[PDB]
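Below: the structure, in structure tokens.
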Amino acid sequence: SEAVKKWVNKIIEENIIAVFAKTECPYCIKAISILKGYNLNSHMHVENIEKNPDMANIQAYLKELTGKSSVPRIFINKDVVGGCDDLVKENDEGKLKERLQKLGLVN
Ligand SMILES: [Zn+2]
Ligand SMILES: [Zn+2]
Ligand SMILES: [Zn+2]
């Protein structure tokens, strides 16, 4: 479905921070909380792909884009961060902050 890919693409392109998530997903919640802790709400969109008729197609496309079909799937300015574990690694190592500084999102 070109439609599914167009829709996922629009989410990633229109929002600097894009998080694909699902219902009652602890690592989704943890990742979103970390990101909101950088006061990124204004530039973030969270998409619940479980409440969607095309969940399997969305997951398959996220795997084509990132190598994994699991949520959360995290993009920052169209770059693949990955899952919550990847976010925690980048955060602890300083990379996340560096990303956000280069985007003008944190001073
Ligand atoms: Zn579920
Ligand atoms: Zn429940
Ligand atoms: Zn949405």
Side-chain angles (χ1 to χ4, degrees), residues 3-9 11-50 52-101 103-106:
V4 170
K5 291 195 182 188
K6 286 152 50 203
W7 180 86
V8 171
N9 286 351
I11 292 164
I12 295 165
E13 293 155 357
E14 294 178 6
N15 306 284
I16 296 175
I17 314 291
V19 179
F20 299 84
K22 81 205 247 204
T23 315
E24 292 174 359
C25 168
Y27 288 100
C28 303
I29 291 160
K30 180 185 178 95
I32 292 162
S33 174
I34 292 173
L35 288 160
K36 288 192 179 177
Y38 282 92
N39 302 318
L40 300 177
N41 310 50
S42 69
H43 287 284
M44 295 176 71
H45 191 75
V46 175
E47 192 65 38
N48 183 339
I49 68 171
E50 173 166 21
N52 193 296
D54 297 323
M55 184 188 186
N57 309 106
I58 300 162
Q59 281 184 269
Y61 185 44
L62 295 171
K63 186 171 191 176
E64 294 181 357
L65 291 182
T66 72
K68 293 207 199 151
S69 61
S70 57
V71 293
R73 289 284 94 199
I74 304 163
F75 302 80
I76 296 186
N77 191 33
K78 298 174 283 182
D79 297 313
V80 177
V81 170
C84 187
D85 294 356
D86 298 299
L87 188 72
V88 165
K89 175 180 177 56
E90 288 200 7
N91 192 37
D92 286 7
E93 295 177 357
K95 182 148 163 220
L96 178 51
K97 193 166 127 175
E98 172 179 305
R99 263 188 216 277
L100 301 172
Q101 286 174 328
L103 293 161
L105 291 174
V106 304

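One-based numbering along the sequence shown. Reckoned from all heavy atoms, side chains included, excluding hydrogens, waters and symmetry mates. In each ligand, atom 1 is the first atom listed, and ligand 1 is the first ligand listed.
The nearest pair of heavy atoms linking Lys22 to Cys28 is N-SG, 3.7 Å.
Put simply, the side chain of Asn91 never gets that close to the backbone of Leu87: no donor and acceptor are under 3.5 Å apart.
In the displayed structure, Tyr27 atom OH is contacted under 6.0 Å by at most 12 heavy atoms of other residues, nucleotides or ligands.
Atom OE2 is the N/O/S atom of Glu24 found closest to the Zn ion (ligand 2). The Zn ion (ligand 1) sits nearest to atom OE2 when only the N, O or S atoms of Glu50 are considered. The Zn ion (ligand 3) sits nearest to atom OE1 when only the N, O or S atoms of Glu47 are considered.
Among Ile17, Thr66, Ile16, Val8, the one residue that satisfies the side-chain contact (heavy atoms from CB on, under 4.5 Å) test with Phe75 is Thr66.
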